[PDB]
There are 2 protein chains.
Amino acid sequence: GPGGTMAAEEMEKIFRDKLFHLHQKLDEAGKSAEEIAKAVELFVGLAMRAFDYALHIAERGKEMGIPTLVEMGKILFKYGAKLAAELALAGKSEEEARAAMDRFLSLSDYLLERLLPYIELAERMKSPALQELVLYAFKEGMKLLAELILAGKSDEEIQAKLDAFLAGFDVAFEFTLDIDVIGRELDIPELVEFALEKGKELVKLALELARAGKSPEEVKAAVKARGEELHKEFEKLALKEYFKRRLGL
Amino acid sequence: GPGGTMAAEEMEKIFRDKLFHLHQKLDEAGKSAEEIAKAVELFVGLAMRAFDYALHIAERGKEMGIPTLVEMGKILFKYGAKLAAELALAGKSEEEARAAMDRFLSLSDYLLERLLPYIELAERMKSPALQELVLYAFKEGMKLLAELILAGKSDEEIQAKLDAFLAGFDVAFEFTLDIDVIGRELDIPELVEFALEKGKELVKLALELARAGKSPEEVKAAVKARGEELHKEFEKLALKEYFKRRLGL
Ligand SMILES: [Zn+2]
Ligand SMILES: [Zn+2]
Ligand SMILES: [Zn+2]
Ligand SMILES: [Zn+2]
């Protein structure tokens with residue numbers, strides 16, 4: 001639109017894109033005109049609520065000193081619009097779609113509350129890598145939450161899976177922070193890149209374990225083992241880069 | 001004249017115009033004074049009945065919340081006055097002209113009852129394009145009905161033709177609604193204009209097929225094929241407009 005916010009324009013673009021591709025999918029599926037109209041109106045109804053909630057999150061982030069909350073609200077709206085598109089495409093009635101959207105928003109708030117301290121710690125140390133890791137973890141959690149809500153699961157199983165995912169993310173965050181501090185102090189960008197990449201890998205492993213139904217302890221143990229292997233790789237890379245710098249290479 | 005209502009003034013103007021041009025046509029044809037007088041009185045007698053019928057229909061529409069019924073009553077009066085003018089020009093006696101006017105009024109009521117649910121559905125979705133489509137369909141139906149009544153056809157062939165025309169109009173309405181919903185939700189007026197234009201084209205095709213004497217199934221099939229072609233054209237236009245909007249063009 002002509003007059004809006006820097007975060008509202010991106011969400012409007014996402015909404016238009018999702019609406020266009022939802023119409024494309026409905027046309028491909030070969031539905032009647034009234035069914036297409038019902039699906040479009042249902043999608044607009046759900047996406048309006050998702051837009052309101054994400055805009056509230058982004059505004060709350062803008063009021064305080066956390067630029068990460070704006071990006072995380074954008075991620076939330078993207079995945080809420082995605083969930084709304086699948087809800088409209090599946091032919092769910094209005095009541096079930098509204099209930100599913102409410103549960104999705106509540107569980108996204110749960111993940112928000114659990115992830116805020118990591119954002120504060122990352123922004124205290126001025127580490128872009130840690131902020132990117134938190135963004136990636138939120139994105140993966142949103143993916144898992146949307147898939148679980150689509151599959152029709154209870155609010156307790158989803159919370160347990162989120163708890164296991166956060167248990168894994170704690171270890172991933174510790175690994176990334178440990179590598180990134182020494183990478184920034186020694187002035188070697190390769191170490192920071194390695195930290196970010198291997199932290200993303202650890203977050204992916206934690207999410208995959210959480211989806212499989214493992215308890216938080218199992219996720220913690222497996223992520224710790226993978227982090228130990230990646231730490232050996234980091235030791236090798238750090239030695240190589242340090243001796244590249246030391247010899248003038 | 002003075003006073004009256006908003007809808008009766010336009011009907012009075014139509015009546016005066018038709019009377020004036022009927023007198024011009026009678027003078028051009030070179031008829032005797034008594035023949036001109038009898039044609040004029042016959043036309044006035046038929047047009048008064050048409051005026052009363054259309055005024056009722058318009059009043060019934062105004063009492064409810066359907067502005068479309070007023071416009072369709074005006075359309076009915078216009079074509080009833082046209083039929084009366086042709087009947088007076090042909091020199092038919094009062095009995096045959098009165099019977100023909102009666103049959104025309106009954107068949108216009110038949111078409112009105114068949115078209116009412118589409119008006120209700122269009123008003124429920126608040127779609128000006130669908131209301132315009134219904135108005136156009138009623139206008140074409142009145143044209144065909146006047147032509148058939150002038151041609152001297154029974155009250156069975158006319159009903160069969162009307163059913164075929166309505167069978168085509170169902171597909172035309174579905175196509176127009178399908179395009180119009182997505183055009184309105186994405187806020188692209190070109191899509192709504194395309195919907196209206198191609199729905200009018202489909203209605204014209206359905207009327208042409210009904211005039212030729214085809215069964216409703218053949219009309220349905222042909223209108224469906226033409227709608228598929230127009231749907232491919234709509235897909236092209238929608239992609240072009242969406243990429244114009246997305247790129248800021
Ligand atoms: Zn709000
Ligand atoms: Zn370390
Ligand atoms: Zn009367
Ligand atoms: Zn379509």
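Reconstructed Cβ throughout: ideal geometry from the backbone, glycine too, with neighbour counts over all protein chains shown. Computed from the coordinates by the stated procedures, all read-outs in this text should not be read as laboratory data.
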Looking at the range A:176-224, which of its residues are in a loop (DSSP other than H, G, I, E, B) and not acidic (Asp, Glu)?
A:186, A:188, A:212, A:213, A:214, A:215
What tally of residues in the range B:39-77 results from selecting those that are surrounded by 17 or more Cβ atoms within 10 Å (Cβ to Cβ) and either among the acidic types (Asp, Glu) or within 16 Å of ligand 1 (Cβ to nearest atom) (or both)?
1
Quick check: anything in the range B:202-216 surrounded by 15 or more Cβ atoms within 10 Å (Cβ to Cβ), within 14 Å of chain A (Cβ to nearest Cβ) and not polar (S, T, N, Q)?
yes
Go through (1) in contact (Cβ under 8 Å) with a residue 24 or more places away in the chain; (2) more than 20 Å from residue A:27 (Cβ to Cβ); (3) surrounded by fewer than 15 Cβ atoms within 10 Å (Cβ to Cβ) one by one and return the number of the condition residue B:158 breaks.
(3)
Restricting attention to the range A:41-51, which residues are of a type in the set (D, E, K, R) and within 11 Å of chain B (Cβ to nearest Cβ)?
A:41
Sole residue being out of contact with any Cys (no Cβ under 8 Å at 6 or more places or on another chain), within 16 Å of ligand 1 (Cβ to nearest atom) and among the acidic types (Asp, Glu), chosen from A:109, A:163:
A:109
Sole miss for residue A:8 among (1) more than 15 Å from ligand 1 (Cβ to nearest atom); (2) aliphatic (A, V, I, L, M); (3) surrounded by fewer than 20 Cβ atoms within 10 Å (Cβ to Cβ) is condition (1)
Residues in the range B:123-172 that are touching an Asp or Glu at 6+ places or on another chain (Cβ under 6 Å) and outside any helix (DSSP H, G or I): how many?
1
Would you confirm whether or not the range A:174-194 contains a residue that is away from ligand 2 (no atom under 16 Å from the Cβ) and touching a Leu at 6+ places or on another chain (Cβ under 8 Å)?
no
The range A:22-40, residues that are at the interface with chain B (Cβ under 8 Å from one of its Cβ atoms) and part of a helix (DSSP H, G or I):
A:23, A:27, A:33, A:34, A:36, A:37, A:40
On the given criteria, is residue A:78 in contact (Cβ under 8 Å) with a residue 24 or more places away in the chain, farther than 23 Å from residue A:98 by Cβ, away from chain B (no Cβ under 14 Å) and not aromatic (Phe, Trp, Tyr)?
no
